[PDB]
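Cβ coordinates were reconstructed from backbone atoms using ideal geometry, including for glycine residues, and neighbour counts include every protein chain displayed. Nothing in this text is a laboratory measurement; each read-out follows from the coordinates by a stated rule.
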Amino acid sequence: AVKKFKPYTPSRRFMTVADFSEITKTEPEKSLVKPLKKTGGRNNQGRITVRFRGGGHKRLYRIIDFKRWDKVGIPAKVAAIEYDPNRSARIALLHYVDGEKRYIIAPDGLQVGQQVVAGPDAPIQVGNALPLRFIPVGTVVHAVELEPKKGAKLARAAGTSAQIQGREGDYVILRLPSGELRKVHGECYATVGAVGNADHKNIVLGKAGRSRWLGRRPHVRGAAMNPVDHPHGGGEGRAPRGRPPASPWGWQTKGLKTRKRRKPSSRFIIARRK
Amino acid sequence: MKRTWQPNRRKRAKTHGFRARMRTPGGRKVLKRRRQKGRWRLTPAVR
RNA sequence: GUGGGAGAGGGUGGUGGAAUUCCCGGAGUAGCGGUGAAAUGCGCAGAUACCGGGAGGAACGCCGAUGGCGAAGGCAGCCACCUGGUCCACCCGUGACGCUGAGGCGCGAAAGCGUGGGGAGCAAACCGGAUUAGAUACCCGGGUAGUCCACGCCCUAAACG
RNA sequence: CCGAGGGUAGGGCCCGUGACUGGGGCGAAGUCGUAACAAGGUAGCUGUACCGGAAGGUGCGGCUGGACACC
RNA sequence: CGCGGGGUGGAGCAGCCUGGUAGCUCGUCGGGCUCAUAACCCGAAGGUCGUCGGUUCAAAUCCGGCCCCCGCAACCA
RNA sequence: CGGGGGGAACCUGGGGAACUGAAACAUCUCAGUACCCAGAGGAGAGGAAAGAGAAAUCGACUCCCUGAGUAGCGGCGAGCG
RNA sequence: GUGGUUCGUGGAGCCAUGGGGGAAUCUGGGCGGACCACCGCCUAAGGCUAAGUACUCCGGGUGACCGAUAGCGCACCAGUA
RNA sequence: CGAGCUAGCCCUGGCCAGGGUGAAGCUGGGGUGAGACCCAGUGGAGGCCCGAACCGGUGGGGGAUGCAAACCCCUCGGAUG
RNA sequence: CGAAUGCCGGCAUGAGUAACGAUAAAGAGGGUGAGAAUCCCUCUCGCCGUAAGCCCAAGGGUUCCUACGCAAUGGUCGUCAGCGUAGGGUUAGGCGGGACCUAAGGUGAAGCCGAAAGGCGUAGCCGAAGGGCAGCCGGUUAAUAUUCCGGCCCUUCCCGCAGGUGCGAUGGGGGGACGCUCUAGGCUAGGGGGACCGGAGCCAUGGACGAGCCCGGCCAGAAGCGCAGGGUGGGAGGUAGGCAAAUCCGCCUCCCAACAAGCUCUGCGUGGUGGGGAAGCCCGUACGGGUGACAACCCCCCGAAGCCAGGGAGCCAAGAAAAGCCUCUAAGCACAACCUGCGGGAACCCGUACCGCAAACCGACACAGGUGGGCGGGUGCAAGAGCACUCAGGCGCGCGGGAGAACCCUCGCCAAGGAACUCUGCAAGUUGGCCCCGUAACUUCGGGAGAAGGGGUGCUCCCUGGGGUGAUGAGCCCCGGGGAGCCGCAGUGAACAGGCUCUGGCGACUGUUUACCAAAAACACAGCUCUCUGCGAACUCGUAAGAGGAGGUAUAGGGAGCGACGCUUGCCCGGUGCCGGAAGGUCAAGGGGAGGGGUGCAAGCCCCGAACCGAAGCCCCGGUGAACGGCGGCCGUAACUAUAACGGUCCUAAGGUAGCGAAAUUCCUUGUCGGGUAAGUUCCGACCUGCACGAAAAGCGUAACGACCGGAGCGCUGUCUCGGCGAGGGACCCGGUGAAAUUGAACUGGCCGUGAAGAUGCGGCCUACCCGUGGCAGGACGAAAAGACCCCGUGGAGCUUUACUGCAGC
RNA sequence: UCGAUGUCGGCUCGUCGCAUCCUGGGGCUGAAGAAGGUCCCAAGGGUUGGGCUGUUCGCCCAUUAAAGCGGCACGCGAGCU
Ligand SMILES: [Mg+2]
Ligand SMILES: [Mg+2]
Ligand SMILES: [Mg+2]
Ligand SMILES: [Mg+2]
Ligand SMILES: [Mg+2]
Ligand SMILES: [Mg+2]
Ligand SMILES: [Mg+2]
Ligand SMILES: [Mg+2]
Ligand SMILES: [Mg+2]
Ligand SMILES: [Mg+2]
Ligand SMILES: [Mg+2]
Ligand SMILES: [Mg+2]
Ligand SMILES: [Mg+2]
Ligand SMILES: [Mg+2]
Ligand SMILES: [Mg+2]
Ligand SMILES: [Mg+2]
Ligand SMILES: [Mg+2]
Ligand SMILES: [Mg+2]
Ligand SMILES: [Mg+2]
Ligand SMILES: [Mg+2]
Ligand SMILES: [Mg+2]
Ligand SMILES: [Mg+2]
Ligand SMILES: [Mg+2]
Ligand SMILES: [Mg+2]
Ligand SMILES: [Mg+2]
Ligand SMILES: [Mg+2]
Ligand SMILES: [Mg+2]
Ligand SMILES: [Mg+2]
Ligand SMILES: [Mg+2]
Ligand SMILES: [Mg+2]
Ligand SMILES: [Mg+2]
Ligand SMILES: [Mg+2]
Ligand SMILES: [Mg+2]
Ligand SMILES: [Mg+2]
Ligand SMILES: [Mg+2]
Ligand SMILES: [Mg+2]
Ligand SMILES: [Mg+2]
Ligand SMILES: [Mg+2]
Ligand SMILES: [Mg+2]
Ligand SMILES: [Mg+2]
Ligand SMILES: [Mg+2]
Ligand SMILES: [Mg+2]
Ligand SMILES: [Mg+2]
Ligand SMILES: [Mg+2]
Ligand SMILES: [Mg+2]
Ligand SMILES: [Mg+2]
Ligand SMILES: [Mg+2]
Ligand SMILES: [Mg+2]
Ligand SMILES: [Mg+2]
Ligand SMILES: [Mg+2]
Ligand SMILES: [Mg+2]
Ligand SMILES: [Mg+2]
Ligand SMILES: [Mg+2]
Ligand SMILES: [Mg+2]
Ligand SMILES: [Mg+2]
Ligand SMILES: [Mg+2]
Ligand SMILES: [Mg+2]
Ligand SMILES: [Mg+2]
Ligand SMILES: [Mg+2]
Ligand SMILES: [Mg+2]
Ligand SMILES: [Mg+2]
Ligand SMILES: [Mg+2]
Ligand SMILES: [Mg+2]
Ligand SMILES: [Mg+2]
Ligand SMILES: [Mg+2]
Ligand SMILES: [Mg+2]
Ligand SMILES: [Mg+2]
Ligand SMILES: [Mg+2]
Ligand SMILES: [Mg+2]
Ligand SMILES: [Mg+2]
Ligand SMILES: [Mg+2]
Ligand SMILES: [Mg+2]
Ligand SMILES: [Mg+2]
Ligand SMILES: [Mg+2]
Ligand SMILES: [Mg+2]
Ligand SMILES: [Mg+2]
Ligand SMILES: [Mg+2]
Ligand SMILES: [Mg+2]
Ligand SMILES: [Mg+2]
Ligand SMILES: [Mg+2]
Ligand SMILES: [Mg+2]
Ligand SMILES: [Mg+2]
Ligand SMILES: [Mg+2]
Ligand SMILES: [Mg+2]
Ligand SMILES: [Mg+2]
Ligand SMILES: [Mg+2]
Ligand SMILES: [Mg+2]
Ligand SMILES: [Mg+2]
Ligand SMILES: [Mg+2]
Ligand SMILES: [Mg+2]
Ligand SMILES: [Mg+2]
Ligand SMILES: [Mg+2]
Ligand SMILES: [Mg+2]
Ligand SMILES: [Mg+2]
Ligand SMILES: [Mg+2]
Ligand SMILES: [Mg+2]
Ligand SMILES: [Mg+2]
Ligand SMILES: [Mg+2]
Ligand SMILES: [Mg+2]
Ligand SMILES: [Mg+2]
Ligand SMILES: [Mg+2]
Ligand SMILES: [Mg+2]
Ligand SMILES: [Mg+2]
Ligand SMILES: [Mg+2]
Ligand SMILES: [Mg+2]
Ligand SMILES: [Mg+2]
Ligand SMILES: [Mg+2]
Ligand SMILES: [Mg+2]
Ligand SMILES: [Mg+2]
Ligand SMILES: [Mg+2]
Ligand SMILES: [Mg+2]
Ligand SMILES: [Mg+2]
Ligand SMILES: [Mg+2]
Ligand SMILES: [Mg+2]
Ligand SMILES: [Mg+2]
Ligand SMILES: [Mg+2]
Ligand SMILES: [Mg+2]
Ligand SMILES: [Mg+2]
Ligand SMILES: [Mg+2]
Ligand SMILES: [Mg+2]
Ligand SMILES: [Mg+2]
Ligand SMILES: [Mg+2]
Ligand SMILES: [Mg+2]
Ligand SMILES: [Mg+2]
Ligand SMILES: [Mg+2]
Ligand SMILES: [Mg+2]
Ligand SMILES: [Mg+2]
Ligand SMILES: [Mg+2]
Ligand SMILES: [Mg+2]
Ligand SMILES: [Mg+2]
Ligand SMILES: [Mg+2]
Ligand SMILES: [Mg+2]
Ligand SMILES: [Mg+2]
Ligand SMILES: [Mg+2]
Ligand SMILES: [Mg+2]
Ligand SMILES: [Mg+2]
Ligand SMILES: [Mg+2]
Ligand SMILES: [Mg+2]
Ligand SMILES: [Mg+2]
Ligand SMILES: [Mg+2]
Ligand SMILES: [Mg+2]
Ligand SMILES: [Mg+2]
Ligand SMILES: [Mg+2]
Ligand SMILES: [Mg+2]
Ligand SMILES: [Mg+2]
Ligand SMILES: [Mg+2]
Ligand SMILES: [Mg+2]
Ligand SMILES: [Mg+2]
Ligand SMILES: [Mg+2]
Ligand SMILES: [Mg+2]
Ligand SMILES: [Mg+2]
Ligand SMILES: [Mg+2]
Ligand SMILES: [Mg+2]
Ligand SMILES: [Mg+2]
Ligand SMILES: [Mg+2]
Ligand SMILES: [Mg+2]
Ligand SMILES: [Mg+2]
Ligand SMILES: [Mg+2]
Ligand SMILES: [Mg+2]
Ligand SMILES: [Mg+2]
Ligand SMILES: [Mg+2]
């Protein structure tokens, strides 16, 4: 839980660093399982399609396993819990008895040294993975497939988790970390436990620069801009928003629901966070 | 103070070069015009 | 010491049923609520009353006492674990090892505070209805903190026998 | 050398004093309401929180120094 | 100087727009309930409508002048 | 066996402006212009009537003259034709 | 739904076609300016086709065309410095 | 036709004299029922301090047909981010 | 052609005027020559020395070297040159690139998309200042040299012979292979000292023949060894993974090592050997050649940021790829092939001169500007790349000579006074390094702090402590301690080196910005809140394909406000926006065909067309304030007066709460009172009558921070009373070179009038010989810019919206 | 005067008018003296330093013989700010 510093600088006071004692490995990662990556914020047109992005530490991309099922039945021992810079969570190194090594996103309370399996067979125990249909109702669960054999989409982020409310036909009813209630297909693998590194939400960046290390560049408000630039700008000596609050592209930003209406996905949802 | 001409022999060739022009219909036209005018150099000479 | 006892004593983890609220489904119609009487509110966009389903939070009816336990504050569905105090019996050990206690340390209802969660019912503040001379009240309809949980503070009380 | 003392500098404490400001005491017959004393006309008091011209109200918990009809 | 709304029983408001009649709350006065006062009940009274012209048959009402009232504007310099 | 690329202008096809004019400006004009693209050649396009359009008439296409600034079209404006 | 024509939605036919529907083979089908009848014209949904036409890098001939501030930007080692 | 200037991002390299301050941690002693803690040492943190290179451009003077189409002198900001 | 600030060209005026481009600086002797301040040589003097010296990369493109030249180019001169003419000059298997690798990106069989041109895209290919790879020290030329020569090493191909082995790749596996800060041990680079080794010579001017003075005391070097390091377990069994196959790698188990013990690689050292090798003196050099010599060739110390190197720790932001290389097997081959060693042979292309912090590059210039990497010695000052002087090396900045006015610039100093200067201490000055003493409010406990204020500071002799390296010894080097003394105005003796305090505003803070008039209180910022987004996410770019988002998944991502932290952020949902609403109303195409029309003999063809069913939207119903926003008026009242806790009445969706308030907001206004001052429109503290504060366009505070803006004191001053003198660079004079804007023409005076209303030019009068030089700016409505303000134009453009009308989007 | 007549204040340098602030000279006085009042003559000379504000102006402090008012493109930016 959250290293803190004395204020021997300003901004050292409220700054706060993650507790790494969970980390059993450091300075790997298994060199067999990871390439590199790049971006800039820019798309293939050389064009910024997401603003305020770049700088930030060089990163190696640890390749991780979002299908647990291709390996049904082969257990594995957990060799390490290390540091993934490309996500909120920590990755678990697991050696299979296959002699195969894979990375997994590491559940809260997964001990280095224990055994994990995936398949309809599996014990309901932290780290294991099953078709949703075979997890008992009420089980809190993470890394969920949205569609069968397509990979883990839902609840991957530090401290997230999901819950099985019940079952209907080929579908089980899930509460997502949004709180929305969703029907997910029975056949969808999911791995029991919550995601952990839960204390993630409590770090305090604490100085400007630390926000840069994460490759987030400064964010300038419409509010201080000229009219060419933004629906909020000009005339100054400040100003209220002078109109219903808008994005730079002009659509409204307090209240407007942007989810498409006619999505087939709609007949599989029952609730609200969006 | 630093000025607008900072020659670099490679930048010149990949920019205004002969295969640069040839690569794009705008540029093929550049040559076309340049050639039709009777230009001695169709494209900057870079050592 | 030995052997035995009663008990909401404290901590952790689970777990059960009643009820309230909301959501879905069925059925069904012209009211329902609420009061001293009303009004605000809710209701033909199908309410209330009825059955079926699901979600969730809080509190534990009878037993219950005019009872029990703890130093106090305090402690009440059920189960397990860890753990305190205390009474009895037998006369077995030590041999004055006692009492009290300025300071110190620790505990300490409710409210309140900090960072997370959770939020059904309740409900300061707030709004509306009514009463009144007026009502920044009492009654009624709404209702956010809070109430609950983890950690951390605060250290008050008709903390009373 | 030490040395009364003078000088320059920076602190401590104590008295007096100050536009204004806070509440307090006192003052034969001022204005506003009725909080308490009798179930005081909402039992009261209470720690704490919020609110309100004012006494006070309400929440939560607490104390009694409060309780012959009747369902 | 400018534009806009205004001035009505003691107070505060309607009525004027669209001519004919002046209305609502409080206050005031008379009576009542009460030991008494207020509350409350029953009754009354009070106004020429800023002022001076003008229009009409008739003017708070429509038009003009002056007096005041509130508001707005007074920029480039 | 053929294609590719180049050619002053000219030609056909795919796309296609604005200034301007309307004494402001939207329809309208400029204008199917400028320009970009593809193709063709020494030409290119067109071409042998499911045509004209009132005469029981003319007969493929293209180019000039005329018909004619006529029929018309038109914020029935400017103007187009 | 549009484009073309003089046709700007107009009585708007004709020619073309992006969408929907969707025939017949001579007694069949298209047109003559919405539509109807009559009377005429013509035979769509395959293709080719000289010449009369356009142009001028190039060669020639000619000039009430210039004569070095003209005439091409260049009479000259100019699309150069 | 331009990102050989200037702006941002991407890939891959390089640069930052010297001094100063002394965070966590560790160790040891004290402390206690076990703690929190305390002190000493070690340690070497930081959009920390002073200040060159480098990067700036605060104030003033000079320049003003300039050395210069933004320069010069003095001073001044940052200087492991 | 006379006018167009016309066009092209020529030539004037300013005018022998301003300048002649860093204030590092010159003097003489000799030489050459038609000609010399300016070329060559010597001597003296000055300037650079973390450079203004040397090397590399860009870029430049013969500028290089030499002979002959001086018309132009050179800011003067030129006999010189980077200039003209000519001739010469650049040498590589090992240095850099390429017959290697891959990075971003580019390109692109497959594929996808797009009217056309074209856009995309896996693999592949291309792409380097990154990975990989074999050369070090001398000598030589006028001019190239890791290139040629000398010497000692080395690499890859081809072929052969010997030995060895299941050989074999583009396929599997390993490796390559990685951050930032701190950093150990050993070395090397470099450097200082030496009484020791080698060396021409020197005794000056009072002294010194000296353990004097001055110069030098190295460099490369295979094998072997030695020291310091890097890397690295061995064997068996099992095996289902590493898209086939493995004997390899992964995983489980068993067995010995824990250690560099071996094996292995690299650094230094030493190494057969090769080579350098000063002062000074003679000569002769754009330059360097003999001797010194047969040179010496050694000890000590200092010591990297470099090396061993994938070293070590710590920390969080979590730190390229591919080949080379090794291994493993597959076909295929086992005659082959590969492996190790030796040997012969073969080893291509392009760069190579010269400039390179600049007179050769970018700036029209031989421009005080800009330009990436490496070396960058000595001493002294705490250290240091700082500063002063100085080595090697390089330079005196391509107009000079005089004079010693005003004035200007840059600099020095001043009686008494000390901010009186002024918008303002602007500017200058004070302060200044190190050591020691000491140090307040306040505080988020870190700070505030270099707070403030002080004391010390040199040289000499005496005694003494610990460290490093040697040995636990001297010597060398480092850090000190105590005592007695000497000198001056003064010891950080020159140079580099904070003035301080009180107190308000605003922004928490470090940061960022208007290149080139604003660095700020603006932007950013951690952090808070709202909102959207279930993932083929929302959102963005694109016609599309595709991409970003993100190889992310609600502890995430997008949008928007607010802007550390503290304490807080009230009321109004009427309008607007959004959100919810399965009824209702209306609503387009379409469906429907009541009825009506055209025409036909007619069958028919054809054209209308009411009911009714029929989306979104709008209306309607609610909700919603860290959504756009909004948060009253009049009148009365208390036993002095005043004032109004209280009441009355109109309107509202609701009437501004807490805080704060003459404010970055207050008009009246220099409000009133207090404070500070002899005096205070500012400043601070109050009051509240807030024209016209007020709670995330956030309210009130807040330690710390600030080249922000305001107020006050101390200190100190030429800021001032109030000026004076002095220095240098201009200005002036002489010789050389010689511009510019401007310019209707000029023979160009004052006053009072006049005049288109401000006259050298008209009237009257006055004054006035001709022509310059140095000076000052009153005038020529002086120069410059076809006024930016203002208006006009049915002129433009950027911006906004409940202007109009479209369009994209939904 | 818009093909440019730079705008407040300050500083510097002045010069002029007199409707005189002082000094000289006078008349009247409700002028005893001294000291004032008020008007007349008179432009020779003189007319302070400082606090506040950008200020002109004004208020204020300390003095003075006095602490004058105007003009000169609200004199003066090819003179400075
Ligand atoms: Mg591109
Ligand atoms: Mg921002
Ligand atoms: Mg702006
Ligand atoms: Mg833009
Ligand atoms: Mg906009
Ligand atoms: Mg705005
Ligand atoms: Mg503005
Ligand atoms: Mg504003
Ligand atoms: Mg240029
Ligand atoms: Mg290049
Ligand atoms: Mg040629
Ligand atoms: Mg018990
Ligand atoms: Mg006993
Ligand atoms: Mg005994
Ligand atoms: Mg408590
Ligand atoms: Mg509580
Ligand atoms: Mg009551
Ligand atoms: Mg009470
Ligand atoms: Mg009472
Ligand atoms: Mg009561
Ligand atoms: Mg209440
Ligand atoms: Mg009465
Ligand atoms: Mg304006
Ligand atoms: Mg066409
Ligand atoms: Mg027009
Ligand atoms: Mg026009
Ligand atoms: Mg117009
Ligand atoms: Mg047209
Ligand atoms: Mg033809
Ligand atoms: Mg036309
Ligand atoms: Mg048409
Ligand atoms: Mg029309
Ligand atoms: Mg038509
Ligand atoms: Mg027929
Ligand atoms: Mg037919
Ligand atoms: Mg047809
Ligand atoms: Mg026809
Ligand atoms: Mg017809
Ligand atoms: Mg026909
Ligand atoms: Mg010809
Ligand atoms: Mg000519
Ligand atoms: Mg001639
Ligand atoms: Mg010509
Ligand atoms: Mg760039
Ligand atoms: Mg350092
Ligand atoms: Mg340091
Ligand atoms: Mg440090
Ligand atoms: Mg720093
Ligand atoms: Mg730079
Ligand atoms: Mg400057
Ligand atoms: Mg700069
Ligand atoms: Mg000047
Ligand atoms: Mg900084
Ligand atoms: Mg600094
Ligand atoms: Mg530094
Ligand atoms: Mg960085
Ligand atoms: Mg003329
Ligand atoms: Mg001119
Ligand atoms: Mg001349
Ligand atoms: Mg002259
Ligand atoms: Mg001169
Ligand atoms: Mg010079
Ligand atoms: Mg001679
Ligand atoms: Mg040096
Ligand atoms: Mg030369
Ligand atoms: Mg010459
Ligand atoms: Mg010359
Ligand atoms: Mg080859
Ligand atoms: Mg390649
Ligand atoms: Mg492409
Ligand atoms: Mg390379
Ligand atoms: Mg090489
Ligand atoms: Mg050499
Ligand atoms: Mg040394
Ligand atoms: Mg002698
Ligand atoms: Mg050696
Ligand atoms: Mg295997
Ligand atoms: Mg296999
Ligand atoms: Mg050696
Ligand atoms: Mg390491
Ligand atoms: Mg090691
Ligand atoms: Mg093998
Ligand atoms: Mg085989
Ligand atoms: Mg060479
Ligand atoms: Mg330089
Ligand atoms: Mg350099
Ligand atoms: Mg040079
Ligand atoms: Mg050059
Ligand atoms: Mg220039
Ligand atoms: Mg020069
Ligand atoms: Mg230069
Ligand atoms: Mg140059
Ligand atoms: Mg530089
Ligand atoms: Mg020093
Ligand atoms: Mg160095
Ligand atoms: Mg220096
Ligand atoms: Mg001179
Ligand atoms: Mg002088
Ligand atoms: Mg003085
Ligand atoms: Mg003094
Ligand atoms: Mg002032
Ligand atoms: Mg200063
Ligand atoms: Mg103090
Ligand atoms: Mg000091
Ligand atoms: Mg001394
Ligand atoms: Mg001395
Ligand atoms: Mg040593
Ligand atoms: Mg100094
Ligand atoms: Mg300093
Ligand atoms: Mg202020
Ligand atoms: Mg700031
Ligand atoms: Mg900014
Ligand atoms: Mg600008
Ligand atoms: Mg600027
Ligand atoms: Mg700044
Ligand atoms: Mg600036
Ligand atoms: Mg789109
Ligand atoms: Mg991705
Ligand atoms: Mg803001
Ligand atoms: Mg703020
Ligand atoms: Mg609010
Ligand atoms: Mg309120
Ligand atoms: Mg509202
Ligand atoms: Mg509403
Ligand atoms: Mg609303
Ligand atoms: Mg409906
Ligand atoms: Mg009929
Ligand atoms: Mg609808
Ligand atoms: Mg509503
Ligand atoms: Mg009174
Ligand atoms: Mg005030
Ligand atoms: Mg004031
Ligand atoms: Mg205000
Ligand atoms: Mg004021
Ligand atoms: Mg104040
Ligand atoms: Mg405000
Ligand atoms: Mg607000
Ligand atoms: Mg404030
Ligand atoms: Mg503050
Ligand atoms: Mg700063
Ligand atoms: Mg600042
Ligand atoms: Mg002076
Ligand atoms: Mg004359
Ligand atoms: Mg005159
Ligand atoms: Mg005359
Ligand atoms: Mg003048
Ligand atoms: Mg003038
Ligand atoms: Mg004009
Ligand atoms: Mg108009
Ligand atoms: Mg216009
Ligand atoms: Mg003008
Ligand atoms: Mg002028
Ligand atoms: Mg007079
Ligand atoms: Mg007298
Ligand atoms: Mg006078
Ligand atoms: Mg004034
Ligand atoms: Mg005065
Ligand atoms: Mg003036
Ligand atoms: Mg000026
Ligand atoms: Mg002025
Ligand atoms: Mg002037």
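When you look at A:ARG261, is it assigned to a helix (DSSP H, G or I) and away from every other protein chain (no Cβ under 14 Å), yes or no?
Numbers: assigned to a helix (DSSP H, G or I): no; away from every other protein chain (no Cβ under 14 Å): yes.
So A:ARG261 does not fit the description; no.
Show me the strands (runs of 3 or more DSSP E) entirely contained within the range A:116-156 in which 2 or more residues are closer than 21 Å to A:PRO264 by Cβ and not hydroxyl-bearing (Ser, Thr, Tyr).
Numbers: elements: A:129-131, A:140-142, A:152-154.
Here the list reads A:152-154.
Of all residues in the range A:212-241, exactly one satisfies the criterion of being near ligand 3 (Cβ under 10 Å from one of its atoms), more than 21 Å from A:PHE52 (Cβ to Cβ) and surrounded by 12 or more Cβ atoms within 10 Å (Cβ to Cβ), namely A:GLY234.
From the set of residues in the range A:212-254 that are aromatic (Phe, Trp, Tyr) and more than 30 Å from A:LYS58 (Cα to Cα), which is farthest from RNA strand I (Cβ to nearest atom)? First the steps, then the outcome.
In the first step, residues of the range A:212-254 are kept if they are aromatic (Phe, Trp, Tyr); the result is A:213, A:249, A:251.
Retained after the next criterion (residues that are more than 30 Å from A:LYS58 (Cα to Cα)): A:249, A:251.
Details: A:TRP249: 4, A:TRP251: 6 Å.
This residue is A:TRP251.
Residues checked against (1) on the phi > 0 side of the Ramachandran plot; (2) touching a helix residue (DSSP H, G or I) at 6+ places or on another chain (Cβ under 7 Å); (3) among the basic types (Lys, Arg):
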| site | (1), (2), (3) |
| --- | --- |
| A:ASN197 | yes, no, no |
| A:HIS200 | no, no, no |
| A:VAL204 | no, no, no |
| A:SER211 | no, no, no |
| A:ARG216 | no, no, yes |
| A:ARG241 | no, no, yes |
| A:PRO245 | no, no, no |
| A:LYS260 | no, no, yes |
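If only residues of the range A:157-209 that are among the basic types (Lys, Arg) and under 19 Å from the mean Cα position of the chain (by Cα) are counted, the one that is nearest to the other protein chains (Cβ to nearest Cβ) is A:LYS201.
Residues checked against (1) loosely packed, with under 10 Cβ neighbours inside 10 Å; (2) under 9 Å from the mean Cα position of the chain (by Cα):
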| position | (1), (2) |
| --- | --- |
| B:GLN6 | yes, no |
| B:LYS11 | no, no |
| B:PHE18 | no, yes |
| B:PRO25 | yes, no |
| B:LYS29 | no, no |
| B:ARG34 | no, no |
| B:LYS37 | yes, no |
| B:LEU42 | no, yes |
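Looking at B:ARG10, is it without any contact (Cβ under 8 Å) to a residue 24 or more places away in the chain, more than 14 Å from chain A (Cβ to nearest Cβ), within 15 Å of ligand 10 (Cβ to nearest atom) and basic (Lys, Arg)? Yes. A:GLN111 fulfils the conditions (1) out of contact with any helix residue (DSSP H, G or I) (no Cβ under 7 Å at 6 or more places or on another chain); (2) farther than 16 Å from A:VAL192 by Cα except for a single criterion, (2). The residues of the range A:184-199 that are among the charged types (D, E, K, R) and in contact (Cβ under 8 Å) with a residue 60 or more places away in the chain amount to a single one, A:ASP199.
Which residues, counting only those in chain B, are outside any loop (DSSP other than H, G, I, E, B) and touching a helix residue (DSSP H, G or I) at 6+ places or on another chain (Cβ under 7 Å)?
Narrowing chain B to residues outside any loop (DSSP other than H, G, I, E, B): B:9-15, B:18-23, B:25-36.
Result: B:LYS14, B:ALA20, B:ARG21, B:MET22, B:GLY27, B:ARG28, B:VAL30, B:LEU31.
Taking first residues from the range A:210-225 that are more than 14 Å from chain B (Cβ to nearest Cβ) and partners that are more than 16 Å from ligand 9 (Cβ to nearest atom) and of a type in the set (A, V, I, L, M), the Cβ contacts under 6 Å between residues at least 6 apart in sequence or on separate chains come to A:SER211/A:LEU205. Each residue in the range A:65-110 was checked for being touching a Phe, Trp or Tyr at 6+ places or on another chain (Cβ under 9 Å), surrounded by fewer than 21 Cβ atoms within 10 Å (Cβ to Cβ) and β-branched (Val, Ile, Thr), and 1 of them qualify. Suppose we filter A:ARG47, A:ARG53 for residues that are under 23 Å from A:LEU205 (Cβ atoms) and more than 14 Å from chain B (Cβ to nearest Cβ); which single one remains? Just a single option satisfies the conditions, and that option is A:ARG53. Just one residue in the set A:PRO177, A:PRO244, A:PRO231 is more than 16 Å from ligand 6 (Cβ to nearest atom), part of a loop (DSSP other than H, G, I, E, B) and over 30 Å from A:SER11 (Cα atoms); that residue is A:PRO177. For the range A:111-127, the candidate set comprises residues that are crowded, with 22+ Cβ neighbours inside 10 Å and under 26 Å from A:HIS200 (Cα atoms); within that set, the residue that is nearest to ligand 8 (Cβ to nearest atom) is A:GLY127.
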